[PDB]
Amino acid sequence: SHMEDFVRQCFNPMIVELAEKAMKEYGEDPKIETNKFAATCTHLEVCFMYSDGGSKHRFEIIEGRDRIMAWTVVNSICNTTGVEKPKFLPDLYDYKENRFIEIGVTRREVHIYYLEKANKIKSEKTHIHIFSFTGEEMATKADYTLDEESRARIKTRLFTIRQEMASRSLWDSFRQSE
């Protein structure tokens, strides 16, 4: 599929392999679920750019691990810090702020996805940070965790991915499929 080749020429190879394992872990095939394939890679890259901002030992990366191992770290973070165990696996834990973070990448309005992410968690303490494919962003308590320059990089990369999909005529199917 054309989407499949774009995702392979767009994201770095380890991001692609890490997405595949995340897909195969839930039965989804990147070769037919190609739109979900571009979404998992985009979400994976944002989480790794996000942890790249801040101090060296600031973030414990929960995403990209396998479910049992990912929970193993979450239970480890909880008993270490006393923070409540979330109902769903988050993406990162902020050692600087002592809270889990849920990263979200949207193709609709950032205000709708966060509203969609907020009622699902109900965990209150879990921080939520949302980015769009157009440059906006929305975070719990208006606390954006990272500095403006690190968030500007993520927004820049998202719009580049958005442009490259459109120049290849795959953006409309990607947008109209979320």
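In this text, the rigid core denotes the largest set of C-alpha atoms whose superposition between the two forms falls within 1.5 Å. Numbers follow the displayed sequence, beginning with 1.
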Problem set entry | Stretch with greater C-alpha deviation in 6 other deposited structures of this protein, 120 to 128 versus 39 to 47 (rigid core superposition) | 120 to 128
Problem set entry | Between the two ranges 118 to 126 and 36 to 44, the one averaging a larger CA B factor in the entry | 118 to 126
Problem set entry | Selection from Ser55, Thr140, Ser150, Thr145 [criterion: highest C-alpha temperature factor in the record] | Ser55
Exercise. Lowest, middle or highest third: where is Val73 by C-alpha B factor in its chain?
Worked result: middle
Exercise. Mind checking which third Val83 falls in for C-alpha B-factor across the chain?
Worked result: highest
Problem set entry | Third of the chain, ranked by Cα B-factor, where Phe133 sits | middle
Problem set entry | Chain-relative CA temperature factor third for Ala19 | middle
Exercise. Thinking about Cα B factors across the chain, which third does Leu170 belong to?
Worked result: middle
